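Participant: Just dropping this structure here.
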2 protein chains.
Amino acid sequence: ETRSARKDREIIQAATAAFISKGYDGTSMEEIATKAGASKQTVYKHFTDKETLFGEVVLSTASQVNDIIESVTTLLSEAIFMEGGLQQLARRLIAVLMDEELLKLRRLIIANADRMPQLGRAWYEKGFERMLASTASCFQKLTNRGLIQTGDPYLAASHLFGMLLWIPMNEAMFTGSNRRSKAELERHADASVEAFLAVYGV
Amino acid sequence: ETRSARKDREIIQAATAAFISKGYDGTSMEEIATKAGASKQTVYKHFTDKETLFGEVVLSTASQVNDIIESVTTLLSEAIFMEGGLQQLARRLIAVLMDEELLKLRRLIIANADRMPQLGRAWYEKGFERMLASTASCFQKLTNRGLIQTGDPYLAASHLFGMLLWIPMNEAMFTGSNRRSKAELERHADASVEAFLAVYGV
Ligand SMILES: [Cl-]
Ligand SMILES: [Cl-]
Ligand SMILES: [Cl-]
């Protein structure tokens with residue numbers, strides 16, 4: 001990693017925290033520069049403006065989340081047992097996707113749907129669609145191996161995600177309440193997987 | 001209907017249109033009064049502040065949407081053919097929930113749920129949970145009649161909604177709607193019902 005690459009990562013990290021803490025209107029290029037330990041000049045040269053920088057924050061978060069999802073879908077491909085394997089995936093998906101800072105960023109992206117529509121388009125393409133596509137590729141391979149039966153693996157992926165997250169994600173987005181014991185998290189993931197296998201299991 | 005109740009209803013209808021057009025901060029009590037055919041003093045006498053009026057907008061929309069869904073679920077609860085009946089429910093749910101104006105209001109609620117937690121809780125309890133509850137009530141009755149098997153009706157309702165809406169609702173929230181034809185959304189609804197019946201059908 002070059003010094004320029006590291007500085008850019010530091011700037012995006014600082015911007016991500018600043019936007020979550022203050023919102024778009026509550027922060028500035030100058031404040032982000034200070035938080036990142038960068039000169040104002042460097043932040044302007046590399047990111048142009050606050051709107052552009054917010055777009056890079058969205059893309060960085062989408063990439064980070066998807067790297068995690070890729071690691072967990074790879075683990076499912078190494079499981080002998082589909083119910084346990086899917087339970088482990090579901091439990092990790094809930095923990096990753098219900099992360100408090102990630103939920104705060106999601107709210108900001110939605111709040112800016114009209115003002116900066118590109119943020120939500122980027123999240124949808126590079127975040128949401130990419131994690132369903134990764135899960136779909138995993139399910140296709142599992143289907144080819146006779147371990148599950150998903151004819152439309154992308155649809156099947158959206159069904160798993162939808163059963164798993166419809167209540168918790170909406171509860172967070174509407175109430176801010178993002179609370180669950182380890183016991184509740186697991187019971188929820190397992191019930192979603194049971195229903196999923198009722199449709200897509202062999 | 002009393003004169004006062006009519007004035008309240010008219011102000012709420014005006015406020016609903018204003019908020020959908022320009023958002024929370026972009027809407028003024030003057031604009032609302034103008035649309036309603038009321039003085040700004042009267043709007044303040046009836047609602048106290050813009051936050052309170054927005055809360056009443058949220059409650060009114062929650063009630064309107066749920067009256068529609070309750071009609072659909074009550075009819076299904078008396079039905080005899082399940083595939084067709086559930087397709088009708090799912091197709092109507094996606095039609096109702098994909099309404100451009102409702103989606104705008106939903107983005108506004110999410111955008112403001114952090115700063116107006118009472119408002120987001122109101123949509124969650126009276127909007128989101130009520131449509132699951134109406135659906136669960138229907139499933140409970142159908143299970144009692146031996147037509148489906150949903151031992152946990154509210155969980156099964158959450159599964160139908162999650163399967164139906166994970167893609168369309170996320171796409172709408174992040175990208176400013178779907179843009180999908182009625183035909184595509186109806187086919188999506190049918191697929192969701194096929195999956196639902198593989199888990200919960202007899
Ligand atoms: Cl913001
Ligand atoms: Cl400087
Ligand atoms: Cl909703």
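Each chain of the structure tokens is named A, B, ... in the order shown, its residues numbered from 1; ligands are numbered from 1 in display order.
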RMSD over all C-alpha atoms, chain B superposed on chain A in order?
Facilitator: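 So the superposition leaves a C-alpha RMSD of 0.9 Å.
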Participant: Any residue with an atom at most 12 Å from ligand 2 counts, using only C-alpha atoms and all ligand atoms. Which are they? Put them as a list in words.
Facilitator: residues 29, 30, 31, 32, 33, 34, 35, 36, 37, 38, 39, 40, 41, 42, 43 and 44 of chain A
Participant: My list of candidates is B:53, B:90, B:62, B:136. Which is closest to ligand 3 when distances are computed with only C-alpha atoms and all ligand atoms?
Facilitator: B:62
Participant: Taking only C-alpha atoms into account, what are the residues of chain A at most 8 Å from chain B, put as JSON, numbers by chain?
Facilitator: {"A": [107, 108, 109, 110, 111, 113, 114, 117, 120, 121, 123, 124, 158, 159, 160, 161, 162, 163, 164, 165, 166, 167, 170, 171, 173, 174, 175, 176, 195, 196, 198, 199]}
Participant: Return the single residue from A:58, A:169, A:5, A:102 that is closest to ligand 3, with distances computed using only C-alpha atoms and all ligand atoms.
Facilitator: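 When distances to ligand 3 are compared using only C-alpha atoms and all ligand atoms, the smallest one comes from A:169.
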Participant: Taking 4 positions as the minimum chain separation for residues in the same chain, which residues sit within 10 Å of residue 51 in chain B when counting only C-alpha atoms? Answer as a PDB file with C-alpha atoms, in the first residue's frame.
Facilitator:
```pdb
ATOM      1  CA  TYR B  24     -39.961  18.089   6.068  1.00  0.00           C
ATOM      2  CA  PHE B  47     -51.656  20.952  15.417  1.00  0.00           C
ATOM      3  CA  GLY B  55     -46.894  12.769  13.064  1.00  0.00           C
ATOM      4  CA  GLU B  56     -50.614  13.019  12.173  1.00  0.00           C
ATOM      5  CA  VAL B  57     -49.749  12.681   8.466  1.00  0.00           C
ATOM      6  CA  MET B 116     -38.425  12.140  15.640  1.00  0.00           C
ATOM      7  CA  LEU B 119     -42.931   9.365  14.547  1.00  0.00           C
TER       8      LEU B 119
END
```
Participant: Expressed in Å to a single decimal, how great is the separation between CA of residue 78 in chain B and CA of residue 63 in chain B?
Facilitator: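 Separation between CA of residue 78 in chain B and CA of residue 63 in chain B: 22.8 Å.
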Participant: Which of these, B:80, B:131, B:15, B:72, has the shortest distance to ligand 3 once you count only C-alpha atoms and all ligand atoms?
Facilitator: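 Checking each of B:80, B:131, B:15, B:72 against ligand 3, counting only C-alpha atoms and all ligand atoms, the winner is B:131.
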Participant: Taking only C-alpha atoms into account, which of B:83, B:46, B:101, B:59 comes nearest residue 20 in chain B?
Facilitator: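 Among the listed residues, the smallest separation from residue 20 in chain B belongs to B:101.
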Participant: Write out as an MDAnalysis selection string the residues lying within 7 Å of residue 148 in chain A, counting only C-alpha atoms and excluding same-chain residues fewer than 5 positions away.
Facilitator: chainID A and resid 142:143 200:202
Participant: Would you mind reading off the distance between CA of residue 133 in chain A and CA of residue 168 in chain A, one decimal, in Å?
Facilitator: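 CA of residue 133 in chain A sits 21.8 Å away from CA of residue 168 in chain A.
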Participant: Which polymer residues have any atom within 10 Å of an atom of residue 69 in chain A, counting only C-alpha atoms, with same-chain residues fewer than 5 positions away left out, as a PyMOL selection string?
Facilitator: chain A and resi 63-64+74-75+89+92-93+96-97+130-132+134-135
Participant: Env of residue 190 in chain A: 9 Å cut, atoms = only C-alpha atoms, seq-sep filter 6 positions within chain, self excluded. Answer as number ranges by chain.
Facilitator: A: 83-84, 86-88, 90-91
Participant: Put those residues in a file: N, CA and C atoms, as a PDB file, in the first residue's frame.
Facilitator:
```
ATOM      1  N   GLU A  83     -28.156 -27.409   6.964  1.00  0.00           N
ATOM      2  CA  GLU A  83     -28.896 -26.654   7.974  1.00  0.00           C
ATOM      3  C   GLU A  83     -27.912 -25.921   8.895  1.00  0.00           C
ATOM      4  N   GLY A  84     -26.944 -26.620   9.437  1.00  0.00           N
ATOM      5  CA  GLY A  84     -25.932 -25.948  10.271  1.00  0.00           C
ATOM      6  C   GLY A  84     -25.130 -24.904   9.506  1.00  0.00           C
ATOM      7  N   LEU A  86     -26.007 -23.183   6.812  1.00  0.00           N
ATOM      8  CA  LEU A  86     -26.877 -22.009   6.578  1.00  0.00           C
ATOM      9  C   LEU A  86     -27.135 -21.215   7.849  1.00  0.00           C
ATOM     10  N   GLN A  87     -27.292 -21.902   8.979  1.00  0.00           N
ATOM     11  CA  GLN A  87     -27.435 -21.243  10.280  1.00  0.00           C
ATOM     12  C   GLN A  87     -26.213 -20.376  10.564  1.00  0.00           C
ATOM     13  N   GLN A  88     -25.006 -20.928  10.341  1.00  0.00           N
ATOM     14  CA  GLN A  88     -23.789 -20.137  10.569  1.00  0.00           C
ATOM     15  C   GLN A  88     -23.724 -18.930   9.658  1.00  0.00           C
ATOM     16  N   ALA A  90     -26.359 -17.368   8.212  1.00  0.00           N
ATOM     17  CA  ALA A  90     -27.459 -16.456   8.636  1.00  0.00           C
ATOM     18  C   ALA A  90     -27.099 -15.656   9.870  1.00  0.00           C
ATOM     19  N   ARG A  91     -26.505 -16.316  10.857  1.00  0.00           N
ATOM     20  CA  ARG A  91     -26.069 -15.637  12.080  1.00  0.00           C
ATOM     21  C   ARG A  91     -25.023 -14.552  11.787  1.00  0.00           C
TER      22      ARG A  91
END
```
